[PDB]
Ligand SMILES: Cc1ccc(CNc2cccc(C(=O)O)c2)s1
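Heads up, the chain below is alone and in the form solved without this ligand; it's given as structure tokens.
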């Protein structure tokens, strides 16, 4: 049983299974030409979109092996989350991120709305596995609270250089 099995390749990025019927992803990674996802006709899928956050609700159990997890609209300011990055090499890269305010941020000359964060893996990556790349979009932000895992949004954007990431949130 693992959080990592819920992280799924999707479109030009990734998404996350909250429950057997609920999948979350970043809006800009979703295909714009499709009649089905995960073998289910698009006719039978409810799509709920809020800026860079999208939630799919399926009419049957796609992932019956999973329990349902707590999904919230962001997290309290100062919470340290993990972004659960999968790479096509087969690497799993959990990175600590300190979450800040909900904001409109200028990220490579474009406006992105969501919960700001700062990577805690330090000055740079180099060739080291310490930062995000554009193909990581849709990876989930998670943290542990009491005995429960909480999912609070999806990876939407990052500055090419610095420290700053945007986590798109529900509602």
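Residues that one form lacks are left out of the comparison. Positions refer to the first chain, counted from 1. What we label the rigid core is the largest C-alpha set whose atoms superpose within 1.5 Å from one form to the other.
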item: Residue stretch of maximal mean CA temperature factor, 50-58 vs 104-112; value: 104-112
item: 31-39 versus 122-130 - greater average Cα B-factor per the deposited record; value: 122-130
item: Residue with maximal Cα B-factor (values as given in the PDB entry) among 147, 25, 19, 12; value: 147
item: 142, 137, 66, 45, ranked by C-alpha B-factor: the highest one; value: 45
item: Chain thirds of CA B-factor: placement of residue 79; value: middle
item: Chain-relative CA temperature factor third for residue 171; value: highest
item: Where the record places residue 5 (Cα B-factor, split into thirds across the chain); value: lowest
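In what follows, reference is made to the form deposited with this ligand bound, a form of this protein that is not presented.
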query: Contact flag, residue 54 vs this ligand in the bound PDB entry, heavy atom cut 4.5 Å; finding: no
query: 4.5 Å heavy atom contact, residue 142 to this ligand in the bound PDB entry; finding: no
query: Interface membership of residue 108, this ligand in the bound PDB entry, 4.5 Å heavy atom rule; finding: yes
query: Partner contact for residue 133 in the bound PDB entry: this ligand, 4.5 angstroms, heavy atom; finding: yes
query: Partner contacts in the bound PDB entry for 81-99 (non-hydrogen atom within 4.5 angstroms of this ligand); finding: none
query: From 126, 145, 49, 60, residue displaced between this form and the one not shown - CA threshold 2 Å or more, rigid core; finding: 126
query: Closer or farther in the bound PDB entry: C-alpha pair residue 36, residue 88 (3 angstroms or more); finding: farther
query: Relative Cα spacing, residue 88 and residue 41, in the bound PDB entry - shift of 3 Å or more; finding: farther
query: Superposed on the rigid core, segments between this form and the one not shown of at least 3 residues with Cα shifts of 2 Å or more; finding: 88-90, 124-129
